[PDB]
């Protein structure tokens, strides 16, 4: 499942020690910037999609996890940050499903060092 981040140690483990070679999606949200239910359902489908089996989805309340928010200098939610091997690959402001899927596909291509798509 999508993992809800509520602790700094937990976050560190999931983004480093346990991240391996997987793309890590950091989703920043707040109660005042909550996406409608239908939208949430669309993203739930994306997270459950079998082709993203190897992508780690981390959900972070930016107001409740201020240390993490400040670390990434979060300036607008909703927001996504895609990481790989301890570095940020791409960022995306907003929750447009199409834009997110594009960004995710771009990141998958970026980390395939053997064949250029």
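Numbering follows the first chain given and starts at 1.
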### Query
Where do the C-alpha atoms have the higher mean temperature factor in this entry, in 10 to 18 or in 100 to 108?
100 to 108
### Message
So, looking at the entry's B-factor column for Cα atoms, which has the higher mean, 36 to 44 or 23 to 31?
### Response
36 to 44
### Third of chain Cα B-factors occupied by residue 69
middle
### Query
Against its chain's modelled residues, does residue 89's Cα B factor rank lowest, middle or highest third?
highest
